[PDB]
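Given next are the chains, with one letter for each unit.
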There are 10 protein chains.
Amino acid sequence: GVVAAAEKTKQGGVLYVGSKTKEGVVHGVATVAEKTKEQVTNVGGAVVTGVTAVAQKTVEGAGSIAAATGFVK
Amino acid sequence: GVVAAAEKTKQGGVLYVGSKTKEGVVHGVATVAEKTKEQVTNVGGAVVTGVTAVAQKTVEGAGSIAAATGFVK
Amino acid sequence: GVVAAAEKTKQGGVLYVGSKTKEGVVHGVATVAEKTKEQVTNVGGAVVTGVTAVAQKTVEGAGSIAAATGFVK
Amino acid sequence: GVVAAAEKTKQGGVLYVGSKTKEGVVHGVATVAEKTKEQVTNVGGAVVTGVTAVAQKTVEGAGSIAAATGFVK
Amino acid sequence: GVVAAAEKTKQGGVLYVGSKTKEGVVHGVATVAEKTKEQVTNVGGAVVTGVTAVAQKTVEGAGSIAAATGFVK
Amino acid sequence: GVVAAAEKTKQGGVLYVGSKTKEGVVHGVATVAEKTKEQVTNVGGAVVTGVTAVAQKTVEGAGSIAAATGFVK
Amino acid sequence: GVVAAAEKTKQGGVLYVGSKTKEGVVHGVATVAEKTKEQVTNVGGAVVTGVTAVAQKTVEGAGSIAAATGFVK
Amino acid sequence: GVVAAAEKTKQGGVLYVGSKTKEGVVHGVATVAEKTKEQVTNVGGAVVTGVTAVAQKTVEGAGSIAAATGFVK
Amino acid sequence: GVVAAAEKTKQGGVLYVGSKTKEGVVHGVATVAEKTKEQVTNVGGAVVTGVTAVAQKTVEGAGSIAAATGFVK
Amino acid sequence: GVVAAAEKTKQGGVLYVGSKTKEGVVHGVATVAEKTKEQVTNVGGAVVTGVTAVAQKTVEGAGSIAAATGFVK
């Protein structure tokens, strides 16, 4: 049983990033593989993958990830 | 049983990014594979993949991911 | 049983991104594969894949993903 | 049983993006594959894939994805 | 049983994007494949695929996707 | 005395140019000027001003140019 | 006395250029000037100003240029 | 006395250039000037100003240039 | 007395250049000047100003240049 | 007396250049000046100003340059 449950219940600055760049090569979440069986990638949050990657107030509630892999049995 | 459940119940700054870039090569969530069986990619949140990637107040409620892979049995 | 359930119940700044770029090559969620069986990609949230990728207040409720892959049985 | 259920019940800033770009090559959700059996792509949210990709207040309720793939049985 | 159910019940800023671009090549949700059996693409949300892709207040209720693929049995 | 005199008295291979181009902007003999008095341009030979400019066996006899300019006296 | 005299008296391979180009901006003989009095340009030979500029056996006899400029006296 | 005299009296391989280029900006004989009096440009030979500039057997006889400039007297 | 005289009297291999370039900015004979009086440019030979500039057997006879400049007297 | 005289009287291998370059900025004969009086440039030979500048058998006879500048007297 692969169960994920998420609940969010609500009973209700200055940020400068000045970037100047030449030749930016950026990889983020990279799974490189030869001779494989499973390649599972769950993003329950935030993958912010710039050359200028700004993430403000980003992942702010009830993330639930249930990964079950393999299980030859 | 692969169950995902999400509930969101509601009983109800300055951000400068100045980027100047030449030759930006950006990869984000990359699964590169030879001789595989499963390539599963779940995005229950945010994949923000710029050269200028800004993500403000982004993933703010009730993300649920239930991944079940393989299971030869 | 592959079940996904989502419920959202409601009983009810300044962001500058100045980008100047030359030669932007951007990949986002990329699954590259030879000799495969399954390539599953679920986006229950947001894949924002610019050269200037801005995502404000984006993924704000009740995302549910139920992925079941393989199951040779 | 591949079940997806979504319910949304309702009992009821300044964003500048100035982009100047030359030679933008953008891929988003890309599944490239040789010798495959299934290529499933579900978008229950938002795939915003510009060279200038802005996504404001975008994925704000009751996304449900139920993917079941393979099942040789 | 491949069931999708969606219910939406209702008992009831400034965004500048100035883009100046030359040579924009944009792909969005791309499934490229040789020697395949199934290519399923469900869009229960929004695929906004400009060179200037703006998506405001977009995916705001009751998305349900039930994908079942393969099932050799 | 501005004298030009020319006399020509006669008592009597493989050239491949493969050009493939995009966006060619070509200027040749350009005299750009503000607040001037004389703009003299004599061509006693050859001004070959292509994007693909080939000149074979071109200027082969008795060119004479006599330019006298100004002379406030 | 501005005298030019030219006399030509006659008592009588493989060249591959493979060019592949994008975005060629070419200037040749350029005289750019503000607040000037004389702009004299004599071409007694060859100005070959391509993006692919080939000049074979070109300037092969009796070029004479007599330029006299200014002379306030 | 500004005298030019030219006399040409006649009593009578493999060259590969493979160029592959992107973004070529080429200037040749450029005279850039503010607040000037004389801008004299004599070409008694060859100005070959390509992005691929080939000049074979080019300036092969009797070039004569007589430039006299200024002479306030 | 500004005298130029040229006389040419006639009583009668493999060259590979493989160039592969990106972003070539080329200046040749450049005279840049503010607050000037004379800008004299005589080319009695060869100005070959490519990104791929090949000059074979080029300046092979009787070049004569007589430049006289200034002479306040 | 500014005299130039040239006389040419005639009583009658393998060269590989493999160049692979990125970001070539090339200046050749450059005279940069503020608050000047004379800018004289005589080319009685060869100015070969590539990013790949090849000059074979080039300046092979009777070059004569007579430059006289200033002469306040």
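- For this coordinate set, the PDB header names cryo-EM as the determination method and states a resolution of 3.4 Å.

- As recorded by the PDB entry, chain A carries the name Alpha-synuclein and is attributed to Homo sapiens.
- What UniProt records for chain A under Sequence similarities is the sentence "Belongs to the synuclein family."

Quick word on the arrangement of the chains
Here's step 1: Spatially, chain G is disjoint from chain I: no contact exists, and the shortest C-alpha separation is 8 Å.
Here's step 2: Across the gap from chain E to chain J, with no contact made, the nearest C-alpha atoms are 20 Å apart.

What about the environment of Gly70 of chain G?
Here's step 1: Its location among the elements puts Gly70 of chain G in strand β7 (residues 63–70).
Here's step 2: When the C-alpha atoms of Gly70 of chain G and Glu38 of chain G are compared, they prove to be 7.7 Å apart, with 32 residues separating the residues in sequence.
Here's step 3: If near-sequence neighbours (up to four positions away) are discounted, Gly70 of chain G is found in contact with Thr69, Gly70, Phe71 and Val72 of chain F, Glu38 of chain G together with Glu38 and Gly70 of chain H.

A short note on the sheet that holds strand β2 (residues 14–26) of chain D
Here's step 1: If you trace the 5 strands from one edge of the open sheet to the other, you get β2(A)-β2(B)-β2(C)-β2(D)-β2(E), paired in parallel fashion. At either margin of the open sheet sits one strand with a lone partner, and together these are β2 (14–26) of chain A together with β2 (14–26) of chain E. Across the sheet, the mean angle separating the axes of adjacent strands is 0° when strand polarity is ignored.
Here's step 2: Judged from the 12 bridges that link them, strand β2 (residues 14–26) of chain B and strand β2 (residues 14–26) of chain C form a sheet pairing that is parallel. Considered in β2 of chain C, the bridge of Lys20 of chain B is made with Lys20 of chain C.

Here's the deal with the packing of aromatic side chains
Here's step 1: The full count for this structure, using the stated rule, is 16 aromatic pairs over all chains.
Here's step 2: Here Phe71 of chain I and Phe71 of chain J contribute two aromatic rings whose centre-to-centre distance is 4.7 Å and whose plane-to-plane angle is 0°, an arrangement assigned as stacked. Here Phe71 of chain I is found in the segment after β7 (63–68), whereas its partner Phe71 of chain J is found in the segment after β7 (63–68) on a different chain.
Here's step 3: Taken together through their ring pairs, the aromatic side chains of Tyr16 of chain A, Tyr16 of chain B, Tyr16 of chain C, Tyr16 of chain D together with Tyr16 of chain E make up a single cluster.

Observations regarding the environment of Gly18 of chain B
Here's step 1: Looking at the secondary structure, you find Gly18 of chain B in strand β2.
Here's step 2: Owing to a relative accessible area of 16%, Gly18 of chain B belongs among the buried residues under this scheme.
Here's step 3: Through-space distance from the C-alpha of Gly18 of chain B to that of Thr36 of chain B is 41 Å; in sequence the pair is 18 residues apart.
Here's step 4: If we skip the residues at most four places from it in the chain, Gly18 of chain B touches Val17, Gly18 and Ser19 of chain A together with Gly18 of chain C.

Considering the interface of chain F and chain G
Here's step 1: Contact residues are listed per partner, giving 73 residues for chain F and 73 residues for chain G.
Here's step 2: Counting residues per element, the ones that place at least two in the side of chain F that touches chain G are β1 (2–10), β2 (14–26), β3 (29–34), β4 (38–43), β5 (46–48), β6 (52–56) and β7 (63–70) of chain F.
Here's step 3: Counting residues per element, the side of chain F that touches chain G draws most heavily on β2 of chain F, which supplies 13 residues.
Here's step 4: Its residues assigned to classes, the side of chain F that touches chain G shows 32 nonpolar, 28 polar and 13 charged.
Here's step 5: One ladder, built from 6 bridges, connects β3 of chain F with strand β3 (residues 29–34) of chain G; its direction is parallel. Across the sheet, residue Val32 of chain F finds its bridge partner in β3 of chain G, namely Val32 of chain G.

Here we look at the nonpolar core
Here's step 1: Core analysis: the biggest nonpolar cluster contains 20 residues, and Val2 of chain A, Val2 and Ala68 of chain B together with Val2, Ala68 and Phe71 of chain C have the highest contact counts within it.
Here's step 2: Setting aside residues no more than four positions away along its own chain, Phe71 of chain C makes contact with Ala68, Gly70 and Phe71 of chain B together with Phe71, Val72 and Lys73 of chain D.

Overview of the side chain of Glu60 of chain B
Here's step 1: Note on placement: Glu60 of chain B falls in the loop between β6 (52–56) and β7 (63–68).
Here's step 2: Although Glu60 of chain B lies buried, it forms no salt bridge, and the closest oppositely charged side chain, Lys8 of chain A, sits 5.9 Å away as judged by the N-O distance.

With respect to a nonpolar patch on the surface
Here's step 1: Together, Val14 of chain A, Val14 of chain B, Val14 of chain C, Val14 of chain D together with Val14 of chain E make up a nonpolar patch on the protein surface, roughly 410 Å² of accessible area in all.
Here's step 2: Looking at the element boundaries, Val14 of chain B is found in strand β2.
Here's step 3: Judged by its relative accessible area of 37%, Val14 of chain B falls in the partly exposed class.

What about the sheet that holds β3 of chain G?
Here's step 1: Read across the sheet, 5 strands follow the order β3(F)-β3(G)-β3(H)-β3(I)-β3(J) without closing on themselves; strand pairing throughout is parallel. Lying at the two open borders of the sheet, with one neighbouring strand each, are β3 of chain F together with β3 (29–34) of chain J. Between one strand axis and the next, the sheet turns through 0° on average, direction left out of account.

Some thoughts on unusual backbone geometry
The phi angle of most residues is negative, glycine excepted, and most peptide bonds adopt the trans form.
Here's step 1: Even without being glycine, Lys35 of chain E reaches a positive phi, approximately 60°.
Here's step 2: Note on placement: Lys35 of chain E falls in the loop between β3 (29–34) and β4 (38–43).
Here's step 3: Even without being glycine, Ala62 of chain I reaches a positive phi, approximately 55°.
Here's step 4: With respect to the helices and strands, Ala62 of chain I occurs in the loop between β6 (52–56) and β7.

Rules of the game
Residues numbered from 1 in each chain as written, not as in the entry; some residues may be left out. Chains lettered and ligands numbered in written order. Heavy atoms only, no water. Residues with missing side-chain atoms left out of burial classes, pairs and counts. UniProt positions renumbered as here; feature names shortened; annotations may be inferred. Contact = heavy atoms within 4.5 Å. Helix = DSSP H or I, 4+ residues; strand = E, 2+ residues; numbered from the N terminus. Pairing = 2+ DSSP bridges. Axes fitted to C-alpha atoms, helices over the stretch in contact; angles between N-to-C directions. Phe/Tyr/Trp six-rings, centres within 6.5 Å; stacked < 30°, edge-to-face > 60°. Buried < 20%, exposed > 50% of the residue type's maximum accessible area, 1.4 Å probe, protein only. Nonpolar A, V, L, I, M, F, W, Y, C, P; charged D, E, K, R; others polar. Core = buried A, V, L, I, M, F, W, Y, C linked by side-chain atoms within 4.5 Å. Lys, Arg positive; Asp, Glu negative; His and termini not counted. Salt bridge = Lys/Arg side-chain N within 4 Å of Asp/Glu carboxyl O. Patch = residues over 30% accessible without salt bridge, like charges linked within 9 Å, V, L, I, M, F, W, Y side chains within 5 Å. Areas by Shrake-Rupley, 256 points an atom, 1.4 Å probe, with all protein chains shown as cover.

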